[PDB]
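The chain below stands alone and is given as structure tokens, in the form deposited in one PDB entry.
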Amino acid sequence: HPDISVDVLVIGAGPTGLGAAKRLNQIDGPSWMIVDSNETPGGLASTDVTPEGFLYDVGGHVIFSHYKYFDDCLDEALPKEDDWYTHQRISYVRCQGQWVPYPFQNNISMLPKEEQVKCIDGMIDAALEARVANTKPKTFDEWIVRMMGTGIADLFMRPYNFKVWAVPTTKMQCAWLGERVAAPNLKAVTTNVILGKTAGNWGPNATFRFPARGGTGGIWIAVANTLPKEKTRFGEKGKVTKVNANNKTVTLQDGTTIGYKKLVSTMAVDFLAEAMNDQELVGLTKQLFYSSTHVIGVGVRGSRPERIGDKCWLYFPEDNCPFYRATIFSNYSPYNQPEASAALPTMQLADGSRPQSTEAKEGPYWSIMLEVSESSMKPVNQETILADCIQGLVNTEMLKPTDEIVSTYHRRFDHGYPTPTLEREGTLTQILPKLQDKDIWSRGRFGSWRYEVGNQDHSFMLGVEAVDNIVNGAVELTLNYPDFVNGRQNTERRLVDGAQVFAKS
């Protein structure tokens, strides 16, 4: 007999695991428990803070929900109006020393004239071939050339996507992008070139809210707080070291054993294979691909420069900086960095030289969060990446050479993005059903490895829907039909369902 027995054990307390927990807690039927090796829940949706008081999320995190259930839980956890800030998405792409509104492909109008001709010519060729196309594109690259043409492909899509995905567009599938990659309309785009008009509204994150305190991690801390504490085990005491799939037993680092009837595993599935000592699973998970994410944080002295303004996040396709994206993190909340009266010495100027004075001085302060991808196809020198990011901020004119840096942050996240490679699905349809036969629901950004349903809401609902399948025979819609859930408002499932209304009387 194990030290503990539950009907449903949940491994991991990032958004996916917390979703499972919240639904299990709502249903209030089967016995359950949730573990995490980190004292603080949140996973990749956590927030660090530097010794100088600058917060950094794990790169640009912005909340946009496809589901009422997710909204209910966020609202329950942070109920007050002042718990949140609402923002309009101000996003641009850096091209030829100018800012082009996102998305690039919908704003050819803001490019130099020569590039406009190249881009429109390409789009015209794409339009004409699309008129007689009877096959579907097989790769990301093919999709790009078919929907946008060579000009936009060469000028932006190919270099940008390598820079973020850390693999070439030719290596990726194209079934994942319905809600990620705007397909430009030939008429609309040439119309906007003629009129000198912009088109900045595409996509589900054109408007967003952000938590007032604690960064994104504050959401997940607060959501986890609504759970019955005795059913949680966060910390070294919650680290899973072994999974015995055959005896339905999990063993924690400190030796505690947990018996389960059903397992919801949200750890990276490659890690799960290893913990299962299941060599067949290990070899299959090794066929999957992922990129690592470097997050670099820079804290800067001074009121917000006019050149920065209300910008939220910014894309960098070009080669004068190593990061693919920058977020003006100080625009998301005034509590993402120190108050103006906080005294901090300058650590260095942006040009890398030492400050004239070592004296602690006041603010105000603003804050830039940078992301740099890494993979076996795109190596990164970890020792120079911080300095390279800062010089890149100078190169791109985000920072003046004389700007004063009062805080820095660098952290590498090994599992950053699950790459939509050509091989992904062939591999997953071997992995998942083999786990499913053992009553293991492997779910989440790396639990199920599907980026198109890899945001916080998707993740949370992967957890919720796993529970709903386990208990109520629900369809795992988010897991198996990304375009379906992303294309509709999912209003049916609520934090209070009829089951609870009826049972209360």
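C-alpha atoms forming the largest set that superposes within 1.5 Å between two forms make up the rigid core. The first residue of the shown sequence is 1; numbering continues from there.
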Which is higher on average in the deposited entry, the C-alpha temperature factors of 29-37 or of 462-470?
29-37
Output the stretch having the higher mean C-alpha B factor in the entry; the candidates are 319-327 and 253-261.
253-261
Residue set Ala45, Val62, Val453, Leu477, per-entry CA B-factor max assigned to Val62
Report the option among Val298, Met147, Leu111, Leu393 whose CA atom has the maximum B-factor in the deposited record.
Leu111
Ranking every modelled residue in this chain by its Cα temperature factor as given in the entry, which third contains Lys438?
highest
B-factor third for the C-alpha atom of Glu383 within its chain
highest
Is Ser353 in the lowest, middle or highest third of its chain when residues are ranked by C-alpha B-factor?
highest
Taking the entry's C-alpha B-factors for this chain, is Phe208 in the lowest, middle or highest third?
middle
For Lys231, the third of its chain into which the C-alpha B factor falls
highest
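Absent from the display: the form deposited in another entry. The rest refers to it.
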Might you check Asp270, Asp388, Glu179, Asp141 and identify the only one whose CA position changes by 2 Å or more between the shown form and the other one on rigid-core superposition?
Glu179
Pairwise C-alpha change, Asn161 versus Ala183, in the other entry against this form - closer or farther, 3 angstroms or more:
farther
Quick one: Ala182 and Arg131 C-alpha atoms, closer or farther in the other entry compared with this form (3 angstroms or more)?
closer
